[PDB]
Protein chains: 2
Amino acid sequence: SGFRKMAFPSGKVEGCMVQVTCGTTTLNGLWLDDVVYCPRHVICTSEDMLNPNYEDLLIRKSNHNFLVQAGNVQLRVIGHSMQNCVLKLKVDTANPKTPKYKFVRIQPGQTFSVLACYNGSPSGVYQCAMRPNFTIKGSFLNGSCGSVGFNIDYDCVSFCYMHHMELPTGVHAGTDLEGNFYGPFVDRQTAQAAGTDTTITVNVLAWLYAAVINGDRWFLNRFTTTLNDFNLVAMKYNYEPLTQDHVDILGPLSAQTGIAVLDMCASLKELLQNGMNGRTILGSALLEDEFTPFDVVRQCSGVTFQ
Amino acid sequence: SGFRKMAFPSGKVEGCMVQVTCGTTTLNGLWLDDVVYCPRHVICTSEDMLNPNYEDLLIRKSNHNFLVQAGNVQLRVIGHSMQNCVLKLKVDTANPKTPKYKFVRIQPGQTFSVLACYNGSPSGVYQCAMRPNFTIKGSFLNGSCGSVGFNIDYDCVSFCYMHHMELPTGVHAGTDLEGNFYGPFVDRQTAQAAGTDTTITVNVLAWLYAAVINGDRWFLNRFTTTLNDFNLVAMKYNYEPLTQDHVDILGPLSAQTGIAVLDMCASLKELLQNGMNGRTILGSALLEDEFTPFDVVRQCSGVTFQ
Ligand SMILES: *[C@@H](*)C(=O)N(c1ccc(C(C)(C)C)cc1)c1cncc(Cl)c1
Ligand SMILES: *[C@@H](*)C(=O)N(c1ccc(C(C)(C)C)cc1)c1cncc(Cl)c1
């Protein structure tokens, strides 16, 4: 029992983190086989970052302008190219610690682990969700760009996020590992802003099931609701719609607890309309939406990775 | 910016996790140099665990009764001994992945990272605090005993916790790495129970400072309080007393924010007496007490580890 914001073990990613320096700009890179991936804004300067012409900036660089440090060992750069908003630095050494990996792009509502890094050195690990508005509520300081987000499935690391920037509300934006931004953000200094968010309804329901599995049942009730009637309430509280596919994905948790999905929707409806009245659920006084149905099954059943 | 429950990178500990089997009982062990450490209740059987005589049980075992698996490689046991509530299995191979390490015992109120493991394979990582009542609110399923808790300081892993059991309220008890239980718990099946807990006042204050550093200021006020007058309120809300040493430890955060410690105590007092009135602090609707002043400085300043 218990229920925690649980990240994947980070060892496989730690062995891929390096430091990339261009000029006086230093950030994190990801070393897989003989390529180092990093944000292209490593080639910018204080005045460049207003409205940079990255193609122009890059043609003016040479391999020797990029210093890559893997621990206390320097990696000779032998080639460079731009792919969307990431740089690909070809180095003369394949990373012997390269795990089996994939570059995957995730959906809003999906979760991943972040290995926050500074100067190529891992600092901490935590779990994040991709918000509906394509930001993430991370924890990042200056010099963290290039830190990556990932999931692990058995032995394979699916990289899904590379950190680039902080938005004015303190949330974070970045790209997939092909360099394509999540959401309507650009790697330059504009007035860009996050844009309105919603609550991830299917995840809230998954977390209520986690709570029942763990013995919190006070919010259960005898009522039920229809899917359409629930979605009317969801819209009014800024929750996103629940679909039949969400209902289906919640099937296993429904079957394990014996609480019909639409019955749990009725419970969520009451919680939205009445608040929590001084009580908590799994140690939270808020409805938590950064656990997917998979996260709940993983933690309340116990899947490992090797 | 941002503020997350952030664990240490787990790679250095992942390389130490092994599977220990005795009879039909399988759990996790920690392999450092040529010793595997694991809970002594690996030698128990369904009927043994009522009131086991562990000295009796152990004299009846041989080295060959212990199978240690490090991944898909079997470690030959060449010696065994009991140290309090842990077993020390001498193996014929020193772990080449042994980090620099220490065995430290922590104080209630202190935090650490847990690498949850099953069958010697890491499953997830999360941050925990030692409660005042010497339990931890972990996330553990059957087969997790032997998973360890730790902190990392530069390159050195300070192991502080080995998981043994779940108490009836769903919280967790275990030992330090010398086998000495945290709190009044025993590795047998009795009616033992957690006992009354309190809230870690100095940590709540640290987290309020984290919030101010991150731009949540709505709970600030012009009032101040004396240390004695604050502690009268703390006692009434089941918070533990604040000492002058706590005030001193909060000095740096006080100086960074310009909010006197006793001024933040006045804010905490109002929050305890009035609740939060529908607002949140760092994404929580509860006063959070599992971040130490060190955790706040680490995350709001950015210290790495190598
Ligand atoms: C990601 C990153 O490193 N970065 C950044 C680049 C350059 C500098 C100067 C040293 C030239 C001031 C600082 C930070 C960055 C962060 N967020 C957005 C953008 Cl466009 C770049
Ligand atoms: C830690 C652990 O493995 N364990 C446990 C031992 C033995 C068994 C049987 C297979 C013999 C039923 C199950 C679990 C354990 C957990 N919590 C408390 C105690 Cl005393 C032992």
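The sequence lines fix the lettering, A, B, ..., with proteins before strands; numbering per chain opens at 1. As a basis for the values below, the full set of heavy atoms in this structure was taken, side chains included, without hydrogen atoms, waters or symmetry mates.
Considering only residues two or more places apart in sequence or on other chains, A:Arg105 meets the side-chain hydrogen bond (donor to acceptor under 3.5 Å, both in side chains) condition with A:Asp176. Applying the side-chain hydrogen bond (donor to acceptor under 3.5 Å, both in side chains) criterion to A:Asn151, with sequence neighbours excluded, gives no partner residue. In this view, B:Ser139 and A:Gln299 satisfy the side-chain hydrogen bond (donor to acceptor under 3.5 Å, both in side chains) rule, not counting sequence neighbours. A:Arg188 meets the side chain to side chain contact (heavy atoms under 4.5 Å, CB included) test with A:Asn51, A:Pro52, A:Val186, A:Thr190; sequence neighbours excluded. Residues passing the side chain to side chain contact (heavy atoms under 4.5 Å, CB included) test with B:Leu282, sequence neighbours excluded: B:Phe3, B:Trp207, B:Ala210, B:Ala211, B:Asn214, B:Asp216. By the side chain to side chain contact (heavy atoms under 4.5 Å, CB included) test, B:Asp153 is found to be paired with no residue, residues two or more places apart in sequence or in another chain being considered. Shown here are the ring pair (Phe, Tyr, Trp, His ring centres under 6.0 Å) partners of B:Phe305, two or more places apart in sequence or in another chain: B:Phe8. Take A:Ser158 and apply the side-chain hydrogen bond (donor to acceptor under 3.5 Å, both in side chains) test, not counting sequence neighbours, and it matches no residue. Remark: A:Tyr209 engages no residue in a ring pair (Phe, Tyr, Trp, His ring centres under 6.0 Å) (not counting sequence neighbours).
For residues 120-146 of chain A, every residue pair satisfying the ring pair (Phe, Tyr, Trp, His ring centres under 6.0 Å) rule, not counting sequence neighbours, is listed here: A:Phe140-A:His163, A:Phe140-A:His172. Applying the side chain to side chain donor-acceptor pair (under 3.5 Å) rule to pairs touching residues 247-256 of chain A yields A:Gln244-A:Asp248, sequence neighbours excluded. Note on residues 118-133 of chain A: pairs passing salt bridge (charged side-chain N to carboxylate O under 4.0 Å, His left out), not counting sequence neighbours, are A:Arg131-A:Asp197, A:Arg131-A:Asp289, A:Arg131-A:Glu290.
No side-chain N or O of A:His246 forms a donor-acceptor pair with one of A:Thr201 less than 3.5 Å apart.
Of all heavy-atom pairs between B:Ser123 and A:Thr304, the closest is CB-CG2, 3.7 Å.
Between B:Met17 and B:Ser121, the closest side-chain pair of non-hydrogen atoms is not below 4.5 Å.
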Run the side chain to side chain contact (heavy atoms under 4.5 Å, CB included) test on B:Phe150 and B:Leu115 for me, step by step, so that the C-alpha distance in whole Å, both residues' side-chain angles and the decisive distance to 0.1 Å come before the verdict.
CA-CA 8 Å; B:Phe150 59 97; B:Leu115 177 65; 4.1 Å; yes
